[PDB]
Amino acid sequence: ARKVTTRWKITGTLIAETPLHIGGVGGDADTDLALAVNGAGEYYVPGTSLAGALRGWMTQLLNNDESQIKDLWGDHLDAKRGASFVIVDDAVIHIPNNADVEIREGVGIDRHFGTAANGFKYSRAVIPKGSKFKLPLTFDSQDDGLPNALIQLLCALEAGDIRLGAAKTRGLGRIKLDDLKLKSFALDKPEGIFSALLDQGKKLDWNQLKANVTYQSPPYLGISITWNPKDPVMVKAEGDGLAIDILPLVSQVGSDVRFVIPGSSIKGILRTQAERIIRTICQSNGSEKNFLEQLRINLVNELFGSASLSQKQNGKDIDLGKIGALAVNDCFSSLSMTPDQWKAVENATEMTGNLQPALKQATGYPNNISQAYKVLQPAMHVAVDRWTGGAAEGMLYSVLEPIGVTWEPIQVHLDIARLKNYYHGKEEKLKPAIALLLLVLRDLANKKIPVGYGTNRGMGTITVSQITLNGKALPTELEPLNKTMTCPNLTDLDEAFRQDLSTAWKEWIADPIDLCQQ
Amino acid sequence: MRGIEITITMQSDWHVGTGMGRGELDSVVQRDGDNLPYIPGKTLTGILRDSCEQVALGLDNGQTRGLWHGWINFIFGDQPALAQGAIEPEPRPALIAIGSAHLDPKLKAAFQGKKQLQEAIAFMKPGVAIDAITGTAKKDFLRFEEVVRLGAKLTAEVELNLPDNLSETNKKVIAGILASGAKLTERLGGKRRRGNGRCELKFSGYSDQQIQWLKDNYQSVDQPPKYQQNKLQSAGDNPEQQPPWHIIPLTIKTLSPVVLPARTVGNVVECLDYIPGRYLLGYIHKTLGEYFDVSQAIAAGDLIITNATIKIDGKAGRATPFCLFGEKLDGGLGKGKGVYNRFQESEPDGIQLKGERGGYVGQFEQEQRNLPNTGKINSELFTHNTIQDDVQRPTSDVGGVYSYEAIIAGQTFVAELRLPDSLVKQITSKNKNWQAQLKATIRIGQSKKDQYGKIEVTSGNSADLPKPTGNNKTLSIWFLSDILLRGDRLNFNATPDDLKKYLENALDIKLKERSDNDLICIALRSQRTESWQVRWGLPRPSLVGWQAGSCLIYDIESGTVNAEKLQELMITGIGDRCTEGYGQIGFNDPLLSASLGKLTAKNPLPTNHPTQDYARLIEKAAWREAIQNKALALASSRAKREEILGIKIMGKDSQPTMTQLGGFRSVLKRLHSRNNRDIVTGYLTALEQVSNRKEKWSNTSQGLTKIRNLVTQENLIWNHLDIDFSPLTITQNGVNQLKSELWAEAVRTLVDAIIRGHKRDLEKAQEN
Amino acid sequence: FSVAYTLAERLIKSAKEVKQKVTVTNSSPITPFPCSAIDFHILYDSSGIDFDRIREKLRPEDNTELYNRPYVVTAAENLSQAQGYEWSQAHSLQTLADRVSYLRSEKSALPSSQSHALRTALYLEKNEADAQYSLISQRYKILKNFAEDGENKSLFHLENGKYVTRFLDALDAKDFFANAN
């Protein structure tokens with residue numbers, strides 16, 4: 001056979017730290033994008049999808065060196081490499097308790113009219129959060145010990161730095177490894193081959209290898225925004241309720257339901273303001289473009305990403321698509337409910353009847369409707385007919401306004417390494433994208449970006465009390481980003497840095513080239 | 001010997017065996033004769049060998065050649081295609097034969113004729129390659145692969161033909177290695193490294209006790225014993241042959257594909273469409289060699305085993321006579337009309353004929369009034385690879401890929417064993433029930449130990465001797481085997497004049513070629529056969545002759561032919577190596593005298609069955625996709641949408657508005673089970689209790705009650721779908737349970753399809 | 001090359017079936033009318049390397065076949081005096097070349113996204129292939145050209161009792177119709 005000095009069984013629990021979507025061929029009559037299922041119909045991570053997740057990350061770690069990658073992941077064409085030395089099995093996903101798959105609604109909002117673009121209405125089945133699956137990894141070593149690149153990979157898994165599945169920038173795909181175990185079998189020797197057959201291997205202390213190494217986390221900037229809703233903030237639930245027509249969106253977060261602001265939603269509002277800034281400077285209109293064309297404007301194509309779209313340039317064929325360097329994570333409330341407490345609200349039928357206990361229960365104030373309704377408040381609304389007054393026939397509707405729901409910080413993740421690759425390594429080309437992002441954050445802090453449903457209709461205004469910029473391995477001129485800002489107008493960043501960004505920003509405004517074309 | 005099995009439990013979805021894809025698939029798994037997925041015995045041998053190579057490589061302390069690698073070459077045989085230079089020892093064959101792992105026989109029977117279910121055993125896995133800098137799908141790199149559902153338990157027959165002298169210690173070494181390498185096997189097939197093909201592989205009777213013995217004893221183990229052939233031993237004690245000749249017809253049925261090498265050229269072996277008798281000489285030595293000296297009988301010419309040719313009309317199909325010519329545009333035996341025996345019929349006006357060149361014709365009497373039945377032998381190409389063990393993928397150094405044509409399973413062939421009365425006396429004096437010993441199951445051919453070659457042999461009753469007619473005017477000859485005359489210089493370059501001289505001498509009659517100018521008189525083709533002799537370890541010489549089917553007819557100029565002698569030559573054959581089946585003649589056959597141009601041709605699984613769980617996964621898949629496809633069809637017509645939900649178009653208008661349908665459809669998303677039909681009935685009563693919302697649904701064809709019914713009458717979704725689920729179920733009580741299981745999904749699926757087909761028909765009326 | 005050439009020796013017989021579907025009018029014996037035709041494959045290795053197996057994987061249902069691939073290349077005007085003229089038009093290579101042009105024509109006039117939805121549907125029964133097409137036919141007006149029913153509601157046409165289509169041939173040949181002219 002292939003010689004194996006030592007075989008390693010590497011295993012542990014991978015937890016969805018955000019929702020997850022590995023897609024099958026697509027579409028189950030309940031979702032336009034349907035989760036991948038094994039032959040038993042169980043939700044699973046294809047070992048292909050995890051192998052490429054871990055190989056892909058390793059490719060960025062190792063500066064896209066083909067040699068060491070193919071040394072561990074095999075190669076079809078080298079005459080001495082062939083099959084992979086890392087085996088990745090298919091891993092079934094255990095959704096916590098037996099929580100069902102969530103369906104997540106999606107819409108594209110026309111940048112001219114500010115409303116749902118026609119056709120751009122979709123839904124994605126997503127694995128909840130808290131869901132667990134096995135890390136099914138085996139490594140056949142021909143060298144002695146365990147590769148540094150493979151130790152670095154396992155460090156990134158425990159750091160939660162690898163992302164899996166679809167929609168990685170739009171909320172999804174974060175996994176974390178826990179309870180990593182290493183079993184070693186010296187298949188080169190009699191005692192180790194029999195141990196493979198009988199004894200389940202020598203346990204290695206991961207903490208020993210974890211001490212021998214420093215985790216080489218790639219360049220990234222992380223933005224964490226602390227917001228409290230000023231006006232109620234909520235994404236609309238997928239369909240009208242009984243006692244309340246318009247209910248907040250919830251997600252399963254372990255064994256409990258929490259109010260969620262999808263990262264798809266925070267990313268679309270940030271993208272919308274980012275694009276509006278760019279178009280405002282260039283005085284570039286969006287009314288004649290269709291929605292896919294409206295999205296495709298400079299700097300946001302790199303930051304927020306662009307659709308895959310192969311185009312013949314001239315003989316050469318180029319993908320216009322790139323993943324977003326900017327990734328936003330779903331936001332969740334401080335406020336959780338048991339999965340049935342919320343069903344008590346969704347299935348309430350009378351606003352002054354059984355809804356009152358349901359909200360008293362779910363808010364945690366079973367005996368204070370006043371305190372309960374300072375958290376979740378039902379609001380009736382009328383359309384008033386313009387000749388008669390009174391109310392228009394049929395136009396009576398109710399919102400469950402989460403007036404006092406408290407939220408977790410919004411967490412944005414800028415892959416500086418991904419941007420730098422788009423800019424072909426040129427760290428000087430980062431400054432306009434950074435300048436744009438800080439301008440978008442200045443607007444977010446100044447209440448210029450409302451979030452969620454009903455922003456024009458009494459909801460969606462947020463107060464931003466802190467923004468914490470916390471990058472790692474940033475290029476030396478971007479290091480003044482490492483700041484906790486509390487002034488909305490960025491004046492906590494050093495003026496010499498804000499002037500340097502402003503200079504590069506103004507240089508780009510003067511000639512707004514496609515900054516990743518070279 | 002028999003009794004060992006390999007049990008394979010597939011623990012992840014699995015892909016094997018083929019470099020081809022179907023309509024929506026770019027890689028399709030390999031499928032047995034039942035069209036069911038299976039693990040080919042060459043894949044299973046190769047996988048199990050590799051895992052034994054790992055164990056041996058560990059026991060050798062990582063030495064690539066050593067004591068325990070010798071044991072692998074003992075058990076699995078040497079690999080002479082790798083070794084190079086002057087390797088002196090003859091290559092050992094394997095001690096282990098490993099069949100193909102097939103699905104449970106009763107489960108396989110449940111599938112028969114259920115084409116839709118056979119497809120549901122496997123599904124598309126998506127595959128895409130992502131660009132490392134953009135993080136997006138690469139161009140070109142999008143594939144869809146067929147994968148077979150996990151949970152499949154497959155079993156392969158295994159045979160261990162251990163040497164007779166092998167010690168009990170060495171037996172336990174072989175058991176230990178095989179038990180070890182089986183337990184070390186965790187993957188098989190394609191993309192093993194990326195999830196696929198995870199398995200448990202177990203031998204029957206090799207528990208971990210066999211591994212534990214090896215652990216306790218591996219240090220005491222010597223080199224394997226030296227291999228030697230089972231040589232032949234001749235008693236010499238046979239009687240002289242005495243008439244009559246008994247004829248013992250042997251039916252051969254192929255139970256796995258059989259490779260019978262015609263042309264071995266490069267990386268492909270082409271296959272015969274008949275079994276030569278030489279393949280059965282080993283089975284004759286086994287079963288009968290205890291009764292008489294089979295080797296002396298072969299030497300004396302006291303034994304014939306004919307070729308096993310395809311069974312037609314309950315008899316051995318006869319090689320299509322080359323005197324038959326078809327109309328080149330609109331005739332021949334495959335068309336079933338327009339066949340002329342050019343020995344007797346002139347070529348028609350205008351139409352040019354082509355010779356018949358192959359296949360087998362059935363029986364034909366002198367007044368058949370029909371063309372003879374034509375038997376065709378089904379054969380399939382099987383493709384294999386060799387893996388270079390350090391890169392773990394095929395390479396040019398190992399030859400990459402090779403193919404065998406094989407006669408597929410289920411084919412039925414008839415041979416005849418002919419023996420003189422003196423030997424049949426000898427046998428019957430030693431066993432009166434001796435034809436019962438001719439029932440056997442044997443492996444013949446190329447690659448006979450693994451995936452190929454399994455045949456059942458069954459004897460009939462003693463057949464009648466041939467009855468050639470001693471026509472004094474003309475004699476015809478039909479070749480039913482390949483005639484191997486030697487020239488006068490003992491090489492095989494004989495000519496038709498050598499055959500004329502041969503028959504003239506044998507029958508004591510002078511012959512002359514018939515001169516009728518419109519009629520052909522000789523229709524031979526030559527044949528050259530290249531074969532190996534397993535007892536020589538060298539190829540046979542090359543045997544040149546004329547093909548089966550070759551024909552000729554002579555005018556008998558003087559002398560009188562004896563039907564007793566024609567019969568004798570119709571039993572013993574003429575020329576070289578008639579004991580193997582060469583030389584088989586047909587004399588004065590009707591089909592060569594006749595004129596033909598005017599003629600024409602004429603269960604569900606037991607509920608407790610262990611594969612019931614796995615079968616139920618196949619059922620849901622077949623049901624789900626059936627429901628989906630039918631929902632598409634039903635939604636494609638506006639009359640069926642109005643029947644099922646009352647939804648209709650009124651010009652530009654939709655009844656109700658799409659917003660009202662969206663409200664319903666958003667509630668139906670909550671119909672996960674029939675315990676949630678109260679959710680939809682809650683919505684409908686609230687809708688009905690509000691007058692303005694109820695009026696929104698007037699001018700529907702009673703849509704609110706149609707929705708109430710579909711949600712609350714469990715049979716009604718199935719009435720609308722009207723799928724016949726009998727071709728889609730194999731579990732007993734499958735229909736009742738799957739209807740109870742898939743109800744809510746079927747309701748959701750149909751309404752979703754209807755509302756989509758409604759909106760897209762509305763767009764045709766609305767968008768003008 | 002060997003496998004590819006034995007395919008060609010089978011493809012040449014499939015093209016050479018024009019010899020008896022297009023025939024000299026009032027001939028006796030029925031002579032072929034001189035007619036030129038192509039059959040082509042595009043192996044990918046996936047289709048089965050044997051022609052008989054290749055075509056039965058594109059006949060997904062007993063009345064439905066997803067290939068029109070013996071294409072006459074002789075001009076219609078030259079064929080008009082033969083028997084079997086109507087067949088030669090349905091099998092005219094220009095019908096394939098036109099449909100390929102519509103696929104190539106442009107962003108894509110027919111999105112590959114939607115071509116492949118139709119491609120997938122073709123392996124279903126006609127009632128499901130036509131259902132998918134009816135979900136699409138008026139979103140992409142170019143599809144009025146890819147229809148073959150004469151109704152603009154199906155990709156199939158009836159030929160000697162078989163539903164046959166050029167659409168999946170046009171997807172195959174979409175990139176094998178290039179010329180320096």
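A note on names: the letters A, B, ... follow the listed sequences, proteins ahead of strands, and every chain is numbered from 1. Note: hydrogens, waters and symmetry copies are ignored here, and every other heavy atom, side chains too, is used.
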Checklist line | Note: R187(B)-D89(A) ion pair, threshold 4.0 Å (strictly below) | finding: yes
Check: With only heavy atoms counted, which part of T59(A) is less than 4.5 Å from chain B, the side chain, the backbone, both or neither?
Finding: side chain
Next item on the list: Determine the option with the most heavy-atom pairs under 4.5 angstrom with chain B, choosing from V86(A), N421(A), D30(A), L187(A).
Entry: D30(A)
Next item on the list: May I ask you to check whether over 12 heavy atoms, not counting those of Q518(A), lie within 6.0 Å of atom CD?
Entry: yes
Note to self: Could you walk me through whether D319(A) and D131(B) satisfy the side chain to side chain contact (heavy atoms under 4.5 Å, CB included) test, starting with their C-alpha distance in whole Å, then the side-chain angles of each, then the deciding distance to 0.1 Å, before giving a yes or no?
What the structure shows: CA-CA 10 Å; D319(A) 191 17; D131(B) 195 291; over 6 Å; no
Checklist line | Rounded distance (nearest 0.5 Å) linking atom CZ of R193(B) with atom CZ of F85(A) | finding: 9.5 Å
Checklist line | Toward chain B, the part of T48(A) with a non-hydrogen atom under 4.5 Å | finding: both
Notebook entry, point to check: Distance from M395(A) atom CE to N692(B) atom CG, nearest 0.5 Å?
Noted result: 9.0 Å
Next item on the list: Could you tell me which non-hydrogen atom of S308(A) sits nearest to which non-hydrogen atom of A137(B), and how far apart they are?
Entry: OG-N, 4.4 Å
Next item on the list: Of all the heavy-atom pairs spanning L150(B) and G39(A), show the shortest one and how long it is.
Entry: CD2-N, 3.7 Å
Item checked: Engaged part of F144(B) at the chain A interface, taking heavy atoms whose separation is under 4.5 Å -> side chain
Margin query: For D90(A), run the salt bridge (charged side-chain N to carboxylate O under 4.0 Å, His left out) check against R192(B), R194(B), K125(B) and tell me which one passes.
Written below: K125(B)
Margin query: If you compare all heavy atoms of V37(A) against all heavy atoms of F123(B), which two are closest, and at what distance to 0.1 Å?
Written below: O-CE1, 3.9 Å
Checklist line | Flag for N38(A)-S12(B): side-chain donor and acceptor within less than 3.5 Å | finding: no
Note to self: If you count every heavy atom of other residues, nucleotides or ligands that lies below 6.0 Å from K630(B) atom NZ, does the total exceed 12?
What the structure shows: yes
Check: Which one, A79(A), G324(A), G239(A), leads in non-hydrogen pairs under 4.5 Å with chain B?
Finding: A79(A)
Check: Where is the tightest heavy-atom contact between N64(A) and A132(B), given as atom of each residue plus distance?
Finding: ND2-CB, 4.1 Å
Note to self: As an exercise, state the distance from CG of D390(B) to NZ of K80(A), rounded to the nearest 0.5 Å.
What the structure shows: 9.5 Å
Notebook entry, point to check: Do the side chains of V391(B) and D75(A) get nearer than 4.5 Å, heavy atoms only?
Noted result: no
Checklist line | Short side-chain to backbone donor-acceptor contact, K215(B) and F194(A), under 3.5 Å | finding: no
Notebook entry, point to check: Roughly how far, to the nearest 0.5 Å, is OG1 of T134(B) from CD1 of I323(A)?
Noted result: 8.5 Å
Checklist line | Interface moiety of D317(A) toward chain B, non-hydrogen atoms closer than 4.5 Å | finding: side chain
Check: Where on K3(A) is there a heavy atom nearer than 4.5 Å to chain B: the side chain, the backbone, both, or neither?
Finding: both
Next item on the list: Using a cut-off of under 4.5 Å on heavy-atom pairs, state which of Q388(B), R616(B), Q219(B), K183(B) scores highest against chain A.
Entry: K183(B)
Checklist line | Exceeds 12 heavy-atom contacts within 6.0 angstrom, atom CG of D144(A) | finding: no
Note to self: Testing the basics here: between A1(A) and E53(B), what is the closest heavy-atom pair and its distance to 0.1 Å?
What the structure shows: N-OE1, 3.0 Å
Next item on the list: Check each atom of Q142(A) against the heavy atoms of chain B and say whether the ones under 4.5 Å are side chain, backbone, both or neither.
Entry: neither
Checklist line | Close side-chain approach of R670(B) to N347(A), heavy-atom, < 4.5 Å | finding: yes
Next item on the list: Look at atom NZ of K694(B) and say whether more than 12 heavy atoms of other residues, nucleotides or ligands are closer to it than 6.0 Å.
Entry: no
Item checked: Residue part contacting chain B, namely of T349(A), when any heavy atom lies under 4.5 Å -> neither
Margin query: Could you check whether any side-chain N or O of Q54(B) sits under 3.5 Å from a backbone N or O of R2(A), counting only pairs where one atom can act as donor and the other as acceptor?
Written below: yes
Check: Should we count CD of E66(A) as having more than 12 external heavy atoms under 6.0 Å?
Finding: no
Note to self: Using side chain to side chain contact (heavy atoms under 4.5 Å, CB included), reason through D208(B) and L197(A) one step at a time and then give a plain yes or no.
What the structure shows: CA-CA 8 Å; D208(B) 307 57; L197(A) 296 167; over 6 Å; no
Check: What part of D188(A) lies closer than 4.5 angstrom to a heavy atom of chain B: side chain, backbone, both or neither?
Finding: both
Check: Within a radius of less than 6.0 Å around NZ of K236(A), do more than 12 heavy atoms belonging to other residues, nucleotides or ligands occur?
Finding: yes
Notebook entry, point to check: What residue in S310(A), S84(A), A51(A), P46(A) has the most heavy-atom pairs under 4.5 Å with chain B?
Noted result: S84(A)
Next item on the list: Report the option among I130(B), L668(B), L617(B) that has the most heavy-atom pairs separated by less than 4.5 Å from atoms of chain A.
Entry: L617(B)
Next item on the list: Check the surroundings of atom CD in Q63(B): do more than 12 heavy atoms from other residues, nucleotides or ligands lie under 6.0 Å from it?
Entry: yes
Next item on the list: Please state whether the side chain, the backbone, both or neither of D78(A) comes within less than 4.5 Å of a heavy atom of chain B.
Entry: backbone
Next item on the list: Please round to the nearest 0.5 Å and tell me the distance separating atom CG of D752(B) and atom CG of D28(A).
Entry: 11.0 Å
Next item on the list: Go through the atoms of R81(A) and report whether side chain, backbone, both or neither lie under 4.5 Å from a heavy atom of chain B.
Entry: backbone
Next item on the list: Name the option with the most non-hydrogen atom pairs under 4.5 Å to chain A; the candidates are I211(B), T749(B), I618(B).
Entry: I211(B)
Note to self: Is it true that, when you exclude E767(B) itself, more than 12 heavy atoms of the residues, nucleotides or ligands shown sit nearer than 6.0 Å to its CD?
What the structure shows: yes
Notebook entry, point to check: If you tally heavy-atom pairs under 4.5 Å against chain A, which of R748(B), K138(B), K669(B) wins?
Noted result: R748(B)
Next item on the list: Calculate, to the nearest 0.5 Å, the distance between atoms CD1 and CD belonging to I679(B) and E346(A) respectively.
Entry: 9.0 Å
